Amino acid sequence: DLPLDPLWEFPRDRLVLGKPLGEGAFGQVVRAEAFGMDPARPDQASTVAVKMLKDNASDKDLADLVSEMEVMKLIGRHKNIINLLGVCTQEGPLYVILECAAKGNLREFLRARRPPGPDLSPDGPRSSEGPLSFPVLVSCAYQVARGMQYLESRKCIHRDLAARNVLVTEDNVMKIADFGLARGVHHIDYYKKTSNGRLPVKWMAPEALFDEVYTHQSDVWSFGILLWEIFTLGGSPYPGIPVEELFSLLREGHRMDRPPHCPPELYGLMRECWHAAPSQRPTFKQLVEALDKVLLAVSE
């Protein structure tokens, strides 16, 4: 039905759909096997993520997915974002074939890798040593910033940047997901809590929440929250604060406390990202440079 784009079009019969990975506001994502994604190796298998409409496919759902497809065609390729691999638009359901990140999103990745507690009996020479170390946490933050810097250069705004929207590959490479998506910014239920308990309003910059204004600097605010997530190892922001209290606290200019085991350098970065005036927050370019200095300083 849709026009054929030979640049991106991929034979749907070269896809083998597997287990569903997750579902969104519009569309669901399914793990799948792809054969010959590289045209030079037609019989080579690869694992990809296929986005498709749900079965309650309204025409707004289709429009949103078509919109996401066109954004993915224009955004180009970068190491630190989920890249478009191909599409299926001819003679069958609309598929958007994306890169697959084997380790899930950044939040789940961090939460599954919290250090062993003092309730465990010491076994071996590394009893206290957890999977996560400080330089790696800094690297994760750096990669997200680089990816966001790239998206900004392509004039793209995320509007819901969070640990849950950052994906982790087999090689622990950060990949920003669901970047320039329609998210119904004129009808957000600020009290809406997701199935996993997330309150997305806690990631919104004040100008976005109060004035419905989204800029790259509003993403920087969200990045600050993401920084806090990272160094709490997947903690939920504004701990124990319901949305009603969040409203008043934000109007009073309240900010999150410095989390435990977090160096003042990084909490400093967080607070800069949460400066009230968007122009007094660092740019993503400055965030990359600042995080680079820390990363190089702890990479002897």
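Numbers follow the displayed sequence, beginning with 1.
Student: Averaging only over Cα atoms, indicate whether 175-183 or 214-222 has the higher B-factor in the PDB entry.
Tutor: Comparing averages over the C-alpha atoms only gives 175-183.
Student: Which is higher on mean Cα B factor in this entry, 56-64 or 240-248?
Tutor: The stretch with the larger mean CA B-factor is 56-64.
Student: Tell me, please, which of 143, 133, 149, 121 has the highest C-alpha B factor according to the deposited entry?
Tutor: Answer for 143, 133, 149, 121: 121, with the highest C-alpha B-factor.
Student: Can you tell me which of 167, 112, 156, 98 has the maximum CA B-factor listed in the PDB entry?
Tutor: Of the options given, 156 has the highest CA B-factor in the PDB entry.
Student: Using the B-factor values recorded in the entry, state whether the Cα atom of residue 35 falls in the lowest, middle or highest third among the modelled residues of its chain.
Tutor: As the PDB entry reports it, the C-alpha B-factor of residue 35 lands in the lowest third of its chain.
Student: Thinking about Cα B factors across the chain, which third does residue 235 belong to?
Tutor: Lowest third - that is where residue 235 ends up once the chain's C-alpha B-factors are sorted.
Student: Would you mind checking where the Cα B-factor of residue 107 ranks among the modelled residues of its chain, as the lowest, middle or highest third?
Tutor: For residue 107, the deposited C-alpha B-factor lands in the lowest third.
Student: Should residue 199 be placed in the lowest, middle or highest third of its chain by the C-alpha B factor in the entry?
Tutor: Residue 199: CA B-factor falls in the lowest third of its chain.
Student: Give the position of residue 285 by CA B-factor within its chain, expressed as the lowest, middle or highest third.
Tutor: For residue 285, the deposited C-alpha B-factor lands in the middle third.
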